[PDB]
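**Student:** To be precise about what I am sending: the file is called input.pdb and holds PDB, C-alpha atoms.
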ATOM      1  CA  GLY A   1      99.617 114.801  96.102  1.00  0.00           C
ATOM      2  CA  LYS A   2      97.631 113.326  93.231  1.00  0.00           C
ATOM      3  CA  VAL A   3      98.437 110.701  90.608  1.00  0.00           C
ATOM      4  CA  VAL A   4      96.009 109.737  87.854  1.00  0.00           C
ATOM      5  CA  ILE A   5      96.106 106.559  85.812  1.00  0.00           C
ATOM      6  CA  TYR A   6      94.690 106.315  82.307  1.00  0.00           C
ATOM      7  CA  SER A   7      93.930 102.619  81.848  1.00  0.00           C
ATOM      8  CA  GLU A   8      93.011 102.950  78.181  1.00  0.00           C
ATOM      9  CA  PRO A   9      95.172 105.839  76.877  1.00  0.00           C
ATOM     10  CA  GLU A  13      89.712 109.605  78.588  1.00  0.00           C
ATOM     11  CA  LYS A  14      88.709 107.914  81.839  1.00  0.00           C
ATOM     12  CA  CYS A  15      91.233 107.474  84.605  1.00  0.00           C
ATOM     13  CA  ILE A  16      91.634 106.285  88.156  1.00  0.00           C
ATOM     14  CA  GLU A  17      92.314 109.337  90.318  1.00  0.00           C
ATOM     15  CA  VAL A  18      94.481 108.466  93.321  1.00  0.00           C
ATOM     16  CA  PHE A  19      94.567 110.896  96.267  1.00  0.00           C
ATOM     17  CA  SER A  20      95.924 108.544  98.925  1.00  0.00           C
ATOM     18  CA  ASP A  21      97.749 105.350  99.856  1.00  0.00           C
ATOM     19  CA  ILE A  22      96.247 102.189  98.386  1.00  0.00           C
ATOM     20  CA  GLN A  23      97.638  99.092 100.144  1.00  0.00           C
ATOM     21  CA  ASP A  24      96.209  96.749  97.530  1.00  0.00           C
ATOM     22  CA  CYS A  25      95.628  97.655  93.868  1.00  0.00           C
ATOM     23  CA  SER A  26      96.018  94.052  92.686  1.00  0.00           C
ATOM     24  CA  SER A  27      92.328  93.667  91.826  1.00  0.00           C
ATOM     25  CA  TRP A  28      92.603  96.585  89.384  1.00  0.00           C
ATOM     26  CA  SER A  29      92.275  95.393  85.773  1.00  0.00           C
ATOM     27  CA  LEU A  30      94.227  97.855  83.622  1.00  0.00           C
ATOM     28  CA  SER A  31      95.831  97.504  80.161  1.00  0.00           C
ATOM     29  CA  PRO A  32      99.178  96.454  78.599  1.00  0.00           C
ATOM     30  CA  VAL A  33     100.022 100.129  78.200  1.00  0.00           C
ATOM     31  CA  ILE A  34      98.896 102.748  80.700  1.00  0.00           C
ATOM     32  CA  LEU A  35      99.761 106.381  81.286  1.00  0.00           C
ATOM     33  CA  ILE A  36     100.667 107.252  84.872  1.00  0.00           C
ATOM     34  CA  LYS A  37     100.442 110.996  85.414  1.00  0.00           C
ATOM     35  CA  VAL A  38     101.767 112.342  88.697  1.00  0.00           C
ATOM     36  CA  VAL A  39     100.019 115.714  88.817  1.00  0.00           C
ATOM     37  CA  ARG A  40     101.650 116.708  92.090  1.00  0.00           C
ATOM     38  CA  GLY A  41     103.569 115.154  94.949  1.00  0.00           C
ATOM     39  CA  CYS A  42     105.654 111.994  95.000  1.00  0.00           C
ATOM     40  CA  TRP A  43     104.526 108.394  94.726  1.00  0.00           C
ATOM     41  CA  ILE A  44     105.787 104.834  94.662  1.00  0.00           C
ATOM     42  CA  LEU A  45     104.287 102.050  92.571  1.00  0.00           C
ATOM     43  CA  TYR A  46     104.806  98.608  94.105  1.00  0.00           C
ATOM     44  CA  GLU A  47     104.669  95.207  92.435  1.00  0.00           C
ATOM     45  CA  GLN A  48     102.908  93.620  95.416  1.00  0.00           C
ATOM     46  CA  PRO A  49     100.254  94.631  97.974  1.00  0.00           C
ATOM     47  CA  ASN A  50     101.275  96.310 101.229  1.00  0.00           C
ATOM     48  CA  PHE A  51     104.156  98.145  99.559  1.00  0.00           C
ATOM     49  CA  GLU A  52     106.360  95.103  98.947  1.00  0.00           C
ATOM     50  CA  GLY A  53     108.270  93.701  95.981  1.00  0.00           C
ATOM     51  CA  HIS A  54     109.879  95.665  93.171  1.00  0.00           C
ATOM     52  CA  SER A  55     109.138  99.373  93.148  1.00  0.00           C
ATOM     53  CA  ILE A  56     108.972 102.368  90.846  1.00  0.00           C
ATOM     54  CA  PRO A  57     109.542 105.758  92.488  1.00  0.00           C
ATOM     55  CA  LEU A  58     107.714 108.639  90.826  1.00  0.00           C
ATOM     56  CA  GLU A  59     107.765 112.423  90.956  1.00  0.00           C
ATOM     57  CA  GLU A  60     105.730 114.998  89.018  1.00  0.00           C
ATOM     58  CA  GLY A  61     105.405 114.013  85.377  1.00  0.00           C
ATOM     59  CA  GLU A  62     104.094 111.410  82.950  1.00  0.00           C
ATOM     60  CA  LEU A  63     105.208 107.827  82.451  1.00  0.00           C
ATOM     61  CA  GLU A  64     103.809 105.410  79.903  1.00  0.00           C
ATOM     62  CA  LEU A  65     104.013 102.171  81.865  1.00  0.00           C
ATOM     63  CA  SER A  66     104.099  98.745  80.249  1.00  0.00           C
ATOM     64  CA  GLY A  67     105.976  95.457  80.375  1.00  0.00           C
ATOM     65  CA  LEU A  68     106.568  92.964  83.164  1.00  0.00           C
ATOM     66  CA  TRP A  69     108.213  93.595  86.537  1.00  0.00           C
ATOM     67  CA  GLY A  70     111.858  92.667  86.987  1.00  0.00           C
ATOM     68  CA  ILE A  71     114.403  91.893  84.294  1.00  0.00           C
ATOM     69  CA  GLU A  72     113.989  89.751  81.174  1.00  0.00           C
ATOM     70  CA  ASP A  73     117.477  89.916  79.622  1.00  0.00           C
ATOM     71  CA  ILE A  74     116.548  89.030  76.031  1.00  0.00           C
ATOM     72  CA  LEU A  75     114.272  92.050  75.587  1.00  0.00           C
ATOM     73  CA  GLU A  76     115.739  94.742  77.849  1.00  0.00           C
ATOM     74  CA  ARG A  77     117.812  96.858  75.434  1.00  0.00           C
ATOM     75  CA  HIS A  78     116.210  99.637  73.353  1.00  0.00           C
ATOM     76  CA  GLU A  79     112.851  99.928  75.124  1.00  0.00           C
ATOM     77  CA  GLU A  80     110.518  98.338  77.669  1.00  0.00           C
ATOM     78  CA  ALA A  81     109.198  95.042  76.284  1.00  0.00           C
ATOM     79  CA  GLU A  82     105.413  95.153  76.153  1.00  0.00           C
ATOM     80  CA  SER A  83     103.242  92.181  77.096  1.00  0.00           C
ATOM     81  CA  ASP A  84      99.697  91.042  76.318  1.00  0.00           C
ATOM     82  CA  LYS A  85      98.953  90.864  80.035  1.00  0.00           C
ATOM     83  CA  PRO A  86      97.523  94.066  81.572  1.00  0.00           C
ATOM     84  CA  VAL A  87      99.942  96.008  83.751  1.00  0.00           C
ATOM     85  CA  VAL A  88      99.410  94.912  87.345  1.00  0.00           C
ATOM     86  CA  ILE A  89     100.100  97.230  90.281  1.00  0.00           C
ATOM     87  CA  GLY A  90     100.256  95.727  93.771  1.00  0.00           C
ATOM     88  CA  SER A  91     100.009  98.902  95.824  1.00  0.00           C
ATOM     89  CA  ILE A  92     100.521 102.647  95.546  1.00  0.00           C
ATOM     90  CA  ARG A  93     102.262 104.662  98.246  1.00  0.00           C
ATOM     91  CA  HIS A  94     101.494 108.351  98.717  1.00  0.00           C
ATOM     92  CA  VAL A  95     104.800 109.946  99.713  1.00  0.00           C
ATOM     93  CA  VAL A  96     104.044 112.408 102.516  1.00  0.00           C
TER
END
When written as structure tokens, how does the structure in this file appear?
**Tutor:**
Amino acid sequence: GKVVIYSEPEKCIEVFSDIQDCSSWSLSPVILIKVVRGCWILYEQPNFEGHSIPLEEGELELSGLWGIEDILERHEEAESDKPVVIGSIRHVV
């Protein structure tokens, strides 16, 4: 498979394989994750641990903070000033 990430939705990080640690990646508060083909899993922490976001072919504008923050959950994902941080990316099959 292949998933591309547009940090400043232009340029993008093209992922063709498992990345056990993406934590050093400095992205943006709002990024566009585009699964071109295949299936993937975005993990909050390195080595495929922590909260996860399963993904199949398609586009997802990612933003916000991992987990649940009750006060801002309804309506839409609550954006944050801190760049989206991805711990690891798993290439499904």
**Student:** Give me the result of the PyMOL selection byres ((chain A and resi 51) around 10) on this file, residue by residue, as an NGL selection string.
**Tutor:** :A and (21-24 or 44-50 or 52-55 or 90-93)
**Student:** If the PyMOL selection byres ((chain A and resi 17) around 10) is run on the structure shown, which residues does it catch, given as a ChimeraX atom specification?
**Tutor:** /A:2-6,14-16,18-20,37
**Student:** What would the file look like if the residues just selected were written as a short mmCIF file (atom, residue, chain, number, x, y, z; two decimals), in the coordinates of the input with C-alpha atoms?
**Tutor:**
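Output saved as result.cif:
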data_model
loop_
_atom_site.label_atom_id
_atom_site.label_comp_id
_atom_site.auth_asym_id
_atom_site.auth_seq_id
_atom_site.Cartn_x
_atom_site.Cartn_y
_atom_site.Cartn_z
CA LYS A 2 97.63 113.33 93.23
CA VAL A 3 98.44 110.70 90.61
CA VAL A 4 96.01 109.74 87.85
CA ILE A 5 96.11 106.56 85.81
CA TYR A 6 94.69 106.32 82.31
CA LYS A 14 88.71 107.91 81.84
CA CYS A 15 91.23 107.47 84.60
CA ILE A 16 91.63 106.28 88.16
CA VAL A 18 94.48 108.47 93.32
CA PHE A 19 94.57 110.90 96.27
CA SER A 20 95.92 108.54 98.92
CA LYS A 37 100.44 111.00 85.41
#
**Student:** To box stretch 48-58 of chain A, take all atoms listed in the file, fit an axis-aligned box, add 4 Å on each side, and give centre and edge lengths in Å to one decimal, as lines of an AutoDock Vina configuration file.
**Tutor:**
center_x = 105.1
center_y = 101.1
center_z = 96.0
size_x = 17.6
size_y = 23.0
size_z = 18.4
**Student:** Residues picked by the PyMOL selection byres ((chain A and resi 57-67) around 7) here, as a VMD selection string?
**Tutor:** chain A and resid 32 to 45 55 to 56 68 to 69 80 to 83 87
**Student:** Mind giving me the straight-line distance from atom CA of residue A:7 to atom CA of residue A:88 in Å, one decimal?
**Tutor:**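 Here the two named atoms are 10.9 Å from each other.
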**Student:** What's the separation between atom CA of residue A:27 and atom CA of residue A:86, in Å to one decimal place?
**Tutor:** 11.5 Å
**Student:** Separation of atom CA of residue A:70 and atom CA of residue A:1, in Å?
**Tutor:**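 Computing it gives 26.9 Å between the two atoms.
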**Student:** Would you mind telling me which residue in A:72, A:79, A:9, A:89 lies nearest to residue A:26 when using all atoms listed in the file?
**Tutor:**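 Between A:72, A:79, A:9, A:89, the residue approaching residue A:26 most closely is A:89.
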